[PDB]
Amino acid sequence: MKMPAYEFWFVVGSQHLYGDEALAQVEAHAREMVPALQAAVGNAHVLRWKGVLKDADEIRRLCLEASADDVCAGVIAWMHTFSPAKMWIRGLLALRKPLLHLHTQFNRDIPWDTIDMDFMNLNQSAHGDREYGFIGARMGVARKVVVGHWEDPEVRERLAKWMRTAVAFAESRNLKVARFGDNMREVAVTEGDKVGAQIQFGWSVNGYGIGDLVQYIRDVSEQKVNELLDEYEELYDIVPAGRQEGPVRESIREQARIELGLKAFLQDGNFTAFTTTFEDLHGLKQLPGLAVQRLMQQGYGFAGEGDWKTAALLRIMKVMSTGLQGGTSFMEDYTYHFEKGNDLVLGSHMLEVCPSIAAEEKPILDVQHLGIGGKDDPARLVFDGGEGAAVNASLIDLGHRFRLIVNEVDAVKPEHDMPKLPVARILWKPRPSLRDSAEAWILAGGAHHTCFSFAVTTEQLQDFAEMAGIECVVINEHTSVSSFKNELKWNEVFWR
Amino acid sequence: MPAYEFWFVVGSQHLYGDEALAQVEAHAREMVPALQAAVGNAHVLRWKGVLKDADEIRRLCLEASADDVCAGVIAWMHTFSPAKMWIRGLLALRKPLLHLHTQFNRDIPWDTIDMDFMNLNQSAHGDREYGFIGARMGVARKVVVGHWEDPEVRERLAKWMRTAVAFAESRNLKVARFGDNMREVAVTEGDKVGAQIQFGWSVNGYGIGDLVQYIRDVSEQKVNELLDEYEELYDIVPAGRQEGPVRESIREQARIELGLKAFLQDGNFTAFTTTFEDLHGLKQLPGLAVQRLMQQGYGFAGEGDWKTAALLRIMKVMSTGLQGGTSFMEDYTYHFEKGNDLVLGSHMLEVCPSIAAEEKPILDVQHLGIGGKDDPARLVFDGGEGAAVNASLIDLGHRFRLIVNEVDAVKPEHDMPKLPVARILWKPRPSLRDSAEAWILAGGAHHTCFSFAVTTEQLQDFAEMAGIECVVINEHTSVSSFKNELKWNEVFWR
Amino acid sequence: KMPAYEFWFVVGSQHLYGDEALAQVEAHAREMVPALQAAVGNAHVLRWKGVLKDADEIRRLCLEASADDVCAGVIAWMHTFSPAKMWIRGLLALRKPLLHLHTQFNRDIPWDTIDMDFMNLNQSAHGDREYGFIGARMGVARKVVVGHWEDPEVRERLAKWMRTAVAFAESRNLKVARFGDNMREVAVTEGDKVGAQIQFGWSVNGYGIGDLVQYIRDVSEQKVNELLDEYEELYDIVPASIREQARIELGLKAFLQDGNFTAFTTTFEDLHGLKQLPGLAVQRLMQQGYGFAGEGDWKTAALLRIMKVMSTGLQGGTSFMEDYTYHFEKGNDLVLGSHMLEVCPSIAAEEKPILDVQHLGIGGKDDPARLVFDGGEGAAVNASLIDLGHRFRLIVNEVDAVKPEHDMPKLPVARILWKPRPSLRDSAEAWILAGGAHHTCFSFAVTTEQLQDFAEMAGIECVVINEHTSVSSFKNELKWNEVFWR
Ligand SMILES: [Mn+2]
Ligand SMILES: [Mn+2]
Ligand SMILES: [Mn+2]
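Residue numbers (the authors' numbering), protein chains in the order written: chain E, 1 to 496; chain A, 3 to 496; chain C, 2 to 241, 251 to 496.
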């Protein structure tokens, strides 16, 4: 949603072979490129010019400082001239921030008429980037490679997506998840290795008793709550049997108290994701719902049944998208519709699903009965899901490693409204086809719990997997279950 | 603890006719009762017949896998038994296997040995065939070699049966956690599904609120008679012999014991964990309650450590019969002295009185800072002396490792009047510095299971059955060679 | 000429034991650091870098220690229980050597006054085990030193490790200049220079002999005369020229300083421009702490510089070596180490190094001037680093140098005699099996422990051949290591 200032260090590789007139000419070319790259597809993320690097020491220092400086979200290296890779070795080793090797070229076209030797010793990026690329593969460093002219619209989009990803990665690297209660009992995919997750992604995932959150809701001012119900009334379409001071209003007031208690707790521990479990709610009047839905809109990561993995992922996919319109939500594939041309999946968690995936209008604020958790009638936001190309991502623990499964799906506007369904919902046709998406998904072992996002590209999730050093398997338009099983087997071998 | 049998099974073939198979029956039917009497009638040794046919062998192995009462199978090839017959079987066999390489006759009847005797008591090469197929299929098997009357072989069978019963208890071990792991603690954390896959452990999180409910509706009658039992069993500090705020604190532990016992019996839980960071609804951190439940055979560990609580339950059921005693344990402080390098083991409150000296544990109630709660009632006592074993199970991410440290518990020559928690002193083998170094290199937890009763042979045999590395730190351990054993094991177990 | 290096002492704890107890830890550390600084001797330097209770504090500490080129190593000790997840983000980012000091402030248990507050302070015993775990779990390269902080055994290990970690910090920033290529058809001299830079950090760069021939001729004849003057005060030189070596010494010295080189290799198969194969020059430069090896052997040259830096402080002396000849005898079964010319005067006997000038067929150049001297005596170490293609292996053979029985009048080269453990036959067999080079680093001052600790920091197999080595066991260790390290 917001918070810490993140910049990206642009770096250019050269050598002392072509002397100082060439080092000035590359520095000139860079000092022009950087600000155009900034104000065009920037504003949000600062793009620092960290100089032309020729010295082994200079490179190694730069990398160390990039690792030390919390504000450096990533390094964007480009070899304008031939920069010998053995200088980058100790540097690339010590570089703990995500690196993008930008294989570009200052001049779009070749100036056929005037192409002296001095131009071949200056705009030679074509092979200075290849030399660098070799040390990249040799040292097996996880790097994004973007190729093309730097003014190119394709390249500026890839730089912009990559910078949003590397910010999501930096937020991940010190992500703080609070779990209220443990996993839903006997559930396997919601379980995981929390310490192994800190090794891989950095996630501090820490368990609090529900009594620790009750203590926070007991401390919430009735005034701040009352103001919040005012904001509800103005923002959402409360069931008419809920504006008069009824037990229904007091049930919406209780979610307001839970929202401001959660918000208070989360902010007091700098938590950006959390998890509630219905199997442990002792001291809550009702299951956190509208509160959780509002916090997710407010951009917090969340997942039910203690699912820290998909809650973390939700936060990561929310901060992956900040700028773009789409919206990102916690999701559970609940029911299929089988029709020849209209093969739908109805996704809608228990009751906690983020308004960011809602259509042009509505958010209706209902409060029907819930059986799960055995608590008071819990207030919720209900709303039809939007439409358009989307992404359904689960993160799972295979024991020895993590696997990110991503399903490209197309959200679809509901042709029929469903009056008795007292939870927000969204329909989607999964690529390549319901039958083959679900087959491949089950084969990959994807969780029941997913992160549904319009805004997050697949490229975005694959980049984040490359940085974080996990398999990222995708099931989309081109996915053949036959080939996909083989790709699962060969990845398993690669990643262990 | 359900009633557990071992299936004694003798391999042979049809080759030497049927009279020879009748003679093998004759030998077995003599051995199996004598073997029962040797190991004690605690764990039953069923005679499950002579297996010749590949179908018969498969059927036996399938039955032993399906039957929850079959804790283990003891195979012994009397005659050459062609191992391909056992293949289909060994794959389907899900219970621990002991390959008993024995022989009926102690000595060679030099005067009367004939072709008939040679194709009867040919177990010397019959087992070696069965040995091959074992190696070939990588089956988890205990190999016991010796005459079936040798005391060493009967000791190894008895211990192996206790371990195979402990493995059967592990395999459907239910653990209840009351609250999550101590926040920011790493070795406490683990893969609970990876555990269920390796060990079978049903490890499940319960809100503390679920437990307060059980305490809130516990009969005050039972509480008063239990507190009456406390005064009998323990030497209550005098301020707790009269009705005061002290003896009420002791009553509140007794409430926590009875509620816990109720909650654990209701869910067939054999082990459980607390955490001091989630007690909302408990008046005080379970102490005397947990200590007493631990004595009563329940597996326990604090700070949400299901791995050590499971290990404690398994390590207790490994001892059932023996009177040694097993406890949850933390290595708290060292004493450095040229000839008297000691380690003081304790917990916040929770250490089983089954390791206590024969002195009657003092039932005290001092202040405890941690968890920030009421003055908790706890048993205080000095640990016994003798050879003992400190075991920690850890998750390395991909797989588990059982670190065992042989130690020698020692009686404190200097009593400790102002330590309000029970404690035990031990000299760890081979020395404090070497043990500690080797332990830290192996990544062993602060939290351990201390047992007088459990052998290293039992924990190695358990790790064999569960298919986890078991690394041992004892007299023989050198830190040089230990670091290489860790390296070379890592590669094998990946 | 040695850059200053410090070690960042850090104590683990948590907030859990209130805030008074964190003052008690502060007090304990502030006492232990000075007494440990004085115990290891004002030579290493040992900063107290504060008590760590937060994950974000621990990450900060690691990141500064990696960034700061002055931090040679970090010494972590958990005074109380320090929940190990807080160290994870930090230990991932820590690129400097870690020693996990598993100690305790109190030697004895105060049996009388052991309150709950005491147990909530002197945890170490289980606070360190938690830390140990996360170390084993992340597979971080860590030394574990256990025992009380007043133990001589602990303070000795701390010193030894600190020496090792400074040599390692000098390895990571090591620059080697090669004056010509390897000996054409030689195998054990060739290796992966990029693989070396990735494993150790060695910027090993080839120069032409023409570059050094340009540098040699531009030396002041005034400094040459002054260097000749120093020779006949330091060595009992034969009557006499030698100025060629003194010229080459100052021309190399100029080249090495100007490129910040601490190690270099010459080859005798490329000397187009040099009047004679550098001998006395290189022997002087090695004595001055430069890493060297002949026949373009950068691996041994790096290993020599690393083992010189590992020894600095002790008066042992480290040299370049080639196992030249054996002597077979009932008991006195010994080896004669030497090289063409290039042996370090730091391994000499009673001093009085002769400065002869005989002919050297090998170079095909002018009879070169050299230092000749008998090798000292005492327990020593013979280390070669080899490339197996996919990784490096440090082979270390413990030897006992022994002072020569007879004289060697006709031998125009510096030499040393040693009995290899556990015997010549076995030590050699183990050596050929481990594929050790002809070229070694012989040191009196370097311990096997040092080389094992260095290998653990550098992430390479370190195979050891000592008294306890058995050739059967050894072969098994080679196979099993092979599987672990690849
Ligand atoms: Mn769910
Ligand atoms: Mn503990
Ligand atoms: Mn040579």
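Built from N, CA and C at the ideal position, the CB exists for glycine as well.
Do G306(E) and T190(E) have their C-beta atoms closer together than 9 Å? Counting from 1 along the first sequence, the entry for residue 306(E) is found at position 306. Counting from 1 along the first sequence, the entry for residue 190(E) is found at position 190. Contact flag set, yes.
If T272(A) and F452(A) are in contact, beta carbons under 8 Å, what's the gap, nearest whole angstrom? The sequence position of residue 272(A) within the second sequence is 270, counting from 1. The sequence position of residue 452(A) within the second sequence is 450, counting from 1. Rounded to the nearest angstrom, the Cβ distance from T272(A) to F452(A) is 19 Å, too far for a contact under 8 Å.
Taking only three categories from DSSP, how would you classify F494(A)? One-based indexing of the second sequence puts residue 494(A) at position 492. Reduced to three states, the DSSP call for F494(A) is helix.
Straight-line Cα distance separating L23(C) from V187(A): Locating residue 187(A) in the second sequence gives position 185, where the first residue counts as 1. Locating residue 23(C) in the third sequence gives position 22, where the first residue counts as 1. Taking the straight line from one Cα to the other gives about 19 Å.
Who are the neighbours of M79(C) on chain E, taking C-beta pairs under 8 Å? Mapped onto the third sequence, residue 79(C) falls at position 78. Residues of chain E passing the Cβ test: none, with the nearest at roughly 17 Å.
Looking at C-beta atoms only, is the number of pairs between the segment 212-231 of chain A and the segment 295-315 of chain A that lie closer than 8 Å three or more? no
I'd like to know whether the C-beta of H29(C) is nearer than 9 Å to at least one C-beta of chain A. Along the third sequence, one-based indexing puts residue 29(C) at 28. Closer than 9 Å: no.
By alpha-carbon positions, which one of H16(C), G385(C) and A447(C) ends up nearest to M418(C)? One-based indexing of the third sequence puts residue 418(C) at position 408. The residue with the shortest Cα to Cα distance from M418(C) is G385(C).
Would you mind working out which of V177(C), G74(C) and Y6(C) sits nearest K144(C), comparing C-alpha positions? Residue numbering aside, residue 144(C) sits at position 143 when the third sequence is read from its first letter. Ranking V177(C), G74(C) and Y6(C) by Cα distance to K144(C) puts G74(C) first.
Near ligand 3: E191(C) beta-carbon under 8 Å from a heavy atom: Indexing the third sequence from 1 puts residue 191(C) at position 190. Between ligand 3 and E191(C), a heavy atom-to-CB distance of less than 8 Å is absent.
Under 9 Å, CB to CB, which of the residues in the segment 206-217 of chain A have a partner in chain E? Within the segment 206-217 of chain A, contact with chain E at the beta-carbon level (separation under 9 Å) is assigned to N206, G207, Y208, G209, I210, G211, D212, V214 and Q215.
Strictly under 9 Å for the Cβ-Cβ distance: is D237(A) near chain E by that measure? By 1-based counting over the second sequence, the position of residue 237(A) is 235. So no, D237(A) is outside the interface.
If we define contact as Cβ-Cβ less than 9 Å, is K263(E) a contact residue for chain A? Here residue 263(E) corresponds to residue number 263 of the first sequence, with the count starting at 1. In terms of beta-carbon proximity, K263(E) stays away from the interface with chain A, with every pair separated by 9 Å or more.
Determine, using beta carbons only, whether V189(A) comes closer than 9 Å to chain C. Reading the second sequence from its first residue, position 187 is the one you call residue 189(A). Yes, contact with chain C.
Verify whether the separation of the beta carbon atoms of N491(C) and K489(A) is less than 9 Å. Start at 1 with the first residue of the third sequence, and residue 491(C) comes out as number 481. Start at 1 with the first residue of the second sequence, and residue 489(A) comes out as number 487. Closer than 9 Å, so yes.
Does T310(A) have its Cβ less than 9 Å from a Cβ in chain C? Position 308 of the second sequence, counting from 1, holds the residue named residue 310(A). No, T310(A) lies away from the interface with chain C (no Cβ there is under 9 Å from its Cβ).
Going by DSSP in three states, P355(C) sits in which element: helix, strand or coil? By one-based count along the third sequence, residue 355(C) stands at place 345. Three-state result, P355(C): helix.
Closest residue to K176(E) among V473(E), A5(E), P432(E) and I316(E) (Cα-Cα distance): What you label residue 176(E) is simply residue 176 of the first sequence in a count that begins at 1. Comparing Cα-Cα distances from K176(E) to each of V473(E), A5(E), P432(E) and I316(E), the minimum goes to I316(E).
Exposed or buried, what is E259(A) when buried is set at 16 or more other beta-carbons lying within 10 Å of its beta-carbon? For the purposes of this step, residue 259(A) is identified with residue 257 of the second sequence, where counting begins at 1. Buried, because 16 or more other Cβ atoms sit within 10 Å of the Cβ of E259(A).
Within 10 angstroms of the Cβ of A291(A), are there 16 or more other Cβ atoms? Answer buried if so, exposed if not. As a position in the second sequence, residue 291(A) is number 289, starting the count at 1. With 16 or more Cβ atoms within 10 Å of its Cβ, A291(A) is classed as buried.
Residue(s) in a DSSP beta bridge with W308(C): Taking the first residue of the third sequence as 1, we reach residue 308(C) at position 298. Within the DSSP secondary-structure output, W308(C) pairs in no beta bridge.
How would you list, in chain order, the residues of chain C whose beta-carbon sits under 9 Å from the beta-carbon of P432(A)? Locating residue 432(A) in the second sequence gives position 430, where the first residue counts as 1. Correct list: empty, because the minimum Cβ distance to chain C is about 13 Å.
Heavy atom of ligand 1 within 8 Å of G304(E) beta-carbon: Mapped onto the first sequence, residue 304(E) falls at position 304. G304(E) Cβ: within cutoff of ligand 1.
From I357(C), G388(C) and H101(C), pick the residue whose C-alpha is nearest to that of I442(A); which is it? On the second sequence, position 440 is the one that residue 442(A) refers to. Looking at the Cα atoms, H101(C) is the closest of the given residues.
Any heavy atom of ligand 3 inside 8 Å of the beta-carbon of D307(C)? Here residue 307(C) refers to the residue found at position 297 of the third sequence. Distances taken from the Cβ of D307(C) to the heavy atoms of ligand 3 include one shorter than 8 Å.
Please report how far the alpha carbon of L262(E) lies from the alpha carbon of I217(E), in whole angstroms. Within the first sequence, numbered from 1, the residue matching residue 262(E) stands at position 262. Within the first sequence, numbered from 1, the residue matching residue 217(E) stands at position 217. Cα-Cα distance, rounded: 7 Å.
Can you have a look at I89(C) and say buried or exposed, based on whether 16 or more other CB atoms are within 10 angstroms of its CB? Numbered from its first residue, the third sequence carries residue 89(C) at position 88. Buried, by the Cβ-count rule.
Consult DSSP for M3(C) and reduce its assignment to one of helix, strand or coil. Counting from 1 along the third sequence, the entry for residue 3(C) is found at position 2. Three-state DSSP puts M3(C) in coil, outside helix and strand.
With which residues is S394(A) paired in a DSSP beta bridge? Numbered from 1 along the second sequence, position 392 holds the residue referred to as residue 394(A). In the DSSP output, where bridge partners are listed per residue, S394(A) has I405(A).
Counting only Cβ pairs nearer than 8 Å, list the residues of chain C close to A56(E). The residue given as residue 56(E) occupies position 56 in the first sequence. Here the neighbours are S204.
Does the separation of the CB atoms of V382(A) and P422(A) fall below 9 Å? Within the second sequence, the letter at position 380 stands for residue 382(A). Within the second sequence, the letter at position 420 stands for residue 422(A). Yes, the pair counts as a contact, with Cβ atoms nearer than the cut-off.
I'd like the span of the alpha helix (DSSP H) that includes residue 247(C), first residue to last. Examination of chain C shows a numbering gap from 241 to 251; residue 247(C) is inside it and therefore has no coordinates.
Burial state of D55(A) (16 or more Cβ within 10 Å): By one-based count along the second sequence, residue 55(A) stands at place 53. Exposed is the call here.
Answer yes or no: do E154(C) and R435(A) have a C-beta to C-beta separation smaller than 9 Å? As a working note, residue 154(C) is residue 153 in the third sequence. As a working note, residue 435(A) is residue 433 in the second sequence. Yes, Cβ-Cβ distance for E154(C) and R435(A) is below 9 Å.
Examine chain E for any beta-carbon lying closer than 9 Å to the beta-carbon of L64(C), and answer yes or no. The sequence position of residue 64(C) within the third sequence is 63, counting from 1. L64(C) counts as touching chain E.
The alpha helix (DSSP H) that contains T458(A), what's its start and end? For the purposes of this step, residue 458(A) is identified with residue 456 of the second sequence, where counting begins at 1. Per DSSP, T458(A) is one residue of the alpha helix (DSSP H) stretching across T458 to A468.
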